[PDB]
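Heads up, the chain below is alone and in the form deposited in one PDB entry; it's given as structure tokens.
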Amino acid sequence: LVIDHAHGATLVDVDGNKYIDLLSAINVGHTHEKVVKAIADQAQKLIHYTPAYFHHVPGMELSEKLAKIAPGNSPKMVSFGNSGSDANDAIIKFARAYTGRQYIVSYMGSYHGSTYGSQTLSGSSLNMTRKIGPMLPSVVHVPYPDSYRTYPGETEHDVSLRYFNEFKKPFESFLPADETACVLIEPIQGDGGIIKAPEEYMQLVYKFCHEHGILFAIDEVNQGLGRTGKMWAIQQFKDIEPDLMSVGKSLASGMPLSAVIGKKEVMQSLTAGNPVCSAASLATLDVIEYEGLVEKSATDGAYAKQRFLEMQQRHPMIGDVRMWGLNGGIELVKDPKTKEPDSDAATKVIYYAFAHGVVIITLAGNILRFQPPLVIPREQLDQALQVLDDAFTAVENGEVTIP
């Protein structure tokens, strides 16, 4: 299929068919009027310049704003790239350079990018890593805490301790803490299934890092910029200021711009952004702030969560409803007690939806990924929610078949 154009949460194919976008670099929705104008005004003045002798204003303005909105009060610096991948690659460099150490710890289930560094940190789609090794050396992966498929009787405190214990094992065997430059964590894993780490777990890792001189880095490529109902996913957690943070194309409404924002002394251990993409980004941040999208995601998120929890009541194929902001994973299982994945039911849901004007896809075969643009109007949100309920019903009753 072929998309012609889009606006807000609506996609329009070449034959004029309309769909509701449930899928992300689209926090502010498609073709926001302010972003369009920023791109157009800025292309008229300056598409590109090699930075040697000169600076541009959108760049310096954007840079100053991101330093401020970044989590915590410690002074920051900002380094621009073109995508998540190259930002996460840079995090490795910044961390190594600053600490003089070489190991990096990253999580199983994570997705950090497709360049050799960020790919090596990743733990999602090995297909991505097949036949392309060796990868970057001195990287270790540890398991990300899973709150759904747990052991019988486990509290959140059990799950936090158990996983923090897995975290330490490498450090108790072959990986010297004093030679680890940083830990990189998605405060909520996206490609992993919209899996959020328990609060205590994160405090343990954080305290561990500080106690052994290891930088604490986060990836907010998918979960930042209001997606969770706070500005930054890490703000779902109590009093945590990371040393380094990555941001992706969401920054510029899907135009290719990225950043790393870090504590000044870390960033001095070792560039400037596309001006048209910087324009788009200033407009984008303005829309998030003035349209109150952080708050909107929180409020609609809580709404969505209730709507999904109620659908779950009539629809046992819904194993788990996870939602923080308009950010959710609706995990389908063949049976509530075994939690067996039902990739087949999920495929059926998205094809039904698709067929009724709702665009959505999955993670890990069986989890629906719900991340509509934050600007989504309540009417469309409700249409889409209804179509989904319907989809569950059709599938429940065997009324859905994929060609």
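What we label the rigid core is the largest C-alpha set whose atoms superpose within 1.5 Å from one form to the other. We number the residues from 1 along the sequence you see.
A second form of this protein, the form deposited in another entry, is not displayed here; the remarks below concern that form.
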### Query
After the core is superposed, which of these residues, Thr150, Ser74, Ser125, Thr155, moves its CA 2 Å or more between this form and the one not shown?
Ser125
### Query
Cα of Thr50 displaced 2 Å or more between this form and the one not shown, core superposed?
yes
### Message
Taking the cut-off of 3 Å or more as given, in which direction does the distance between the C-alpha atoms of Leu244 and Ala52 change in that other deposited form, closer or farther?
### Response
closer
